[PDB]
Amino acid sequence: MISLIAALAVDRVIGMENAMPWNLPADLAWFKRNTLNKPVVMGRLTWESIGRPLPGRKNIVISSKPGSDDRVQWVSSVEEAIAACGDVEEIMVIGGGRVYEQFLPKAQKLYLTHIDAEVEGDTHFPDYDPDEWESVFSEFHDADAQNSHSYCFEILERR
């Protein structure tokens, strides 16, 4: 099964100047919890935004250049990227925007972190039709010491 996991600011902003315009440890924990023991897939600039694989996970990145790296599996499209996962129950897509867009029709579940902050960004999460998803899980958290802005964790499923 395919799923997308993302942190969304106000009006769906996900990134600015090859980075994320916030720092939330709670959402980091949520990310780590739901991406654990699952394979992850990302685009080039995101991989380059990290530069180091996720521990004990099968890391897959999508591109049009030769693998500049041997510690990760390189793929050039969507359907063979799924075949690059094998016989798995759940596949994780962690970004970014164009990957989100291409896999959103493929995705059957959405792990969304709703960040309550309006901030600046060049990249957005694909507009999904709220007609197409329903919320099975909603967990709201106000901002605190470690968390600069409030946030709400949500799990969506297709219909």
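Numbers for residues come from their place in the sequence shown, where the first is 1.
S.K.: Between 122-130 and 57-65, name whichever shows the higher mean Cα B factor according to the PDB entry.
M.R.: Higher of the two, by average CA B-factor, is 57-65.
S.K.: Regarding 66-74 and 97-105, which shows the higher C-alpha temperature factor on average in the entry?
M.R.: Comparing 66-74 with 97-105, the higher mean C-alpha B-factor belongs to 66-74.
S.K.: Between 115, 29, 110, 45, which one tops the list for Cα B-factor in this entry?
M.R.: It is 45.
S.K.: For the chain shown, is the CA B-factor of residue 18 in the lowest, middle or highest third of its modelled residues?
M.R.: Residue 18: CA B-factor falls in the highest third of its chain.
S.K.: How does the C-alpha B factor of residue 34 compare with the rest of the chain: lowest, middle or highest third?
M.R.: Its C-alpha B-factor, which the entry lists for residue 34, ranks in the lowest third among residues of this chain.
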